[PDB]
Amino acid sequence: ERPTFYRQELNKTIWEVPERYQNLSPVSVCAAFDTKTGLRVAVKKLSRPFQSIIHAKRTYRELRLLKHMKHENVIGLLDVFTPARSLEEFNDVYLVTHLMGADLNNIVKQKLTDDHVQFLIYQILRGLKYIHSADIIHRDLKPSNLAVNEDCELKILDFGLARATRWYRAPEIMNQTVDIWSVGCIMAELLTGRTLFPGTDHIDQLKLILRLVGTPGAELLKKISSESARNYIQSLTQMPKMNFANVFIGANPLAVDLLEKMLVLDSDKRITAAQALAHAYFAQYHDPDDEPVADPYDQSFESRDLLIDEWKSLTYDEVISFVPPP
Ligand SMILES: CNC(=O)c1ccc(C)c(Nc2ncnc3c2cnn3-c2ccccc2)c1
């Protein structure tokens, strides 16, 4: 059943993919045209998957996450292959998914309207609800990993991997509700057309957040876990909480209300993804019978810290067991 593979040097690196995929353009990920289906697909060649214990762990995980995620707003695994004829020769991993048109970055890079924002944000939260129900958090949600086609059909890209960029990072990590932070941060940029928090360093970044959220309450200040973090909030002046109505001039009262529940430092009281889907701003789009949860994701492998070869062998095994989706 093994097909013929073919080689090419793209941007200083060799791609050994099957015959089925032609015209590879670097979009490292490639925009390849698929001959069997005749569609445009994205092919990802993994960067030194087994050239460290961490790269290897990262490698297995990503494949485990992909062989699992089946949601219309969560990029799915179409194909997984290796030039490898054997486990002993297994050094390269490739993952195949549908190609998208644009990331939410270039979309605004021209400001977005209300129904446009409602449908982009509804979907972002719809995908999380699934990622979240499989006991997974994205941790690095940003415009560059939310992808859409012409039809505004949205996909959550690069979840559960990664661990200028701080822009969308929840302050308690600078629980699942860390991506809700990123959501509200993305929702703001779509409504205005500006980065809400374009901070230059980890100190600046917090000062901007606090300059809008307000300095934490004496209740929240007692709650905080870091001595250095608490002692840094004290070191800073007392900012009040800014009226979002005055910051987001002209928005749907429910959009501004929505962000109030998205930009809250109390990580225990912040809006969850599922909660946000039921909020008044989404009513036209909201469907409780069409907002699914994920089939339990067995992630016991996470508590295990093996050697390169034990991971590689596991990454090899999962490439074998694959049944492509129809
Ligand atoms: C946890 N691993 C992933 O999420 C993962 C793993 C493997 C692949 C191949 C992908 N897929 C993509 N990676 C990067 N850019 C992508 C896609 C798909 N479309 N676009 C895109 C196309 C045009 C414009 C902007 C973006 C994701």
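Assorted remarks:
- The one condition from (1) aromatic (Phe, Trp, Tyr); (2) within 11 Å of the ligand (Cβ to nearest atom); (3) within 28 Å of residue 171 (Cβ to Cβ) that residue 94 does not meet is (3).
- Test: residue in the range 35-44 that is within 12 Å of the ligand (Cβ to nearest atom) and among the hydroxyl-bearing types (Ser, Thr, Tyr): no
- Among the criteria (1) charged (D, E, K, R); (2) within 27 Å of residue 281 (Cα to Cα); (3) more than 9 Å from the ligand (Cβ to nearest atom), the one residue 155 does not fulfil is (3).
- The range 147-163 residues that are β-branched (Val, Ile, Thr), paired with ones that are within 11 Å of the ligand (Cβ to nearest atom) and assigned to a strand (DSSP E or B) (beta carbon under 9 Å, 6 or more apart): 148/102; 148/103; 148/155; 156/74; 156/146; 156/147
- Within the range 241-278, the set of residues being in contact with a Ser or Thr (Cβ under 8 Å, 6 or more places away or on another chain), surrounded by fewer than 20 Cβ atoms within 10 Å (Cβ to Cβ) and not polar (S, T, N, Q) comprises just one member, 248.
- Comparison of 262, 239 shows that the only residue that is under 22 Å from the mean Cα position of the chain (by Cα) and not small (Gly, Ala, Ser) is 262.
- Residues of the range 13-39 classified as closer than 19 Å to residue 84 by Cβ and charged (D, E, K, R), total: 3
- Scan of the range 46-85 for residues that are within 11 Å of the ligand (Cβ to nearest atom), among the β-branched types (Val, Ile, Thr) and surrounded by fewer than 18 Cβ atoms within 10 Å (Cβ to Cβ), ordered by number: none
- The one condition in (1) of a type in the set (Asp, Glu); (2) over 12 Å from the mean Cα position of the chain (by Cα); (3) outside any loop (DSSP other than H, G, I, E, B); (4) within 16 Å of the ligand (Cβ to nearest atom) that residue 150 fails to fulfil: (3)
- Scope the range 87-114; condition more than 19 Å from residue 153 (Cα to Cα), aliphatic (A, V, I, L, M) and part of a helix (DSSP H, G or I); matching residues: 87
Taken together, the values in this text are just the output of simple stated rules run on the coordinates, not laboratory data. Neighbour counts are summed over all protein chains in view; Cβ atoms, including those assigned to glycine, are modelled from backbone coordinates with ideal geometry.
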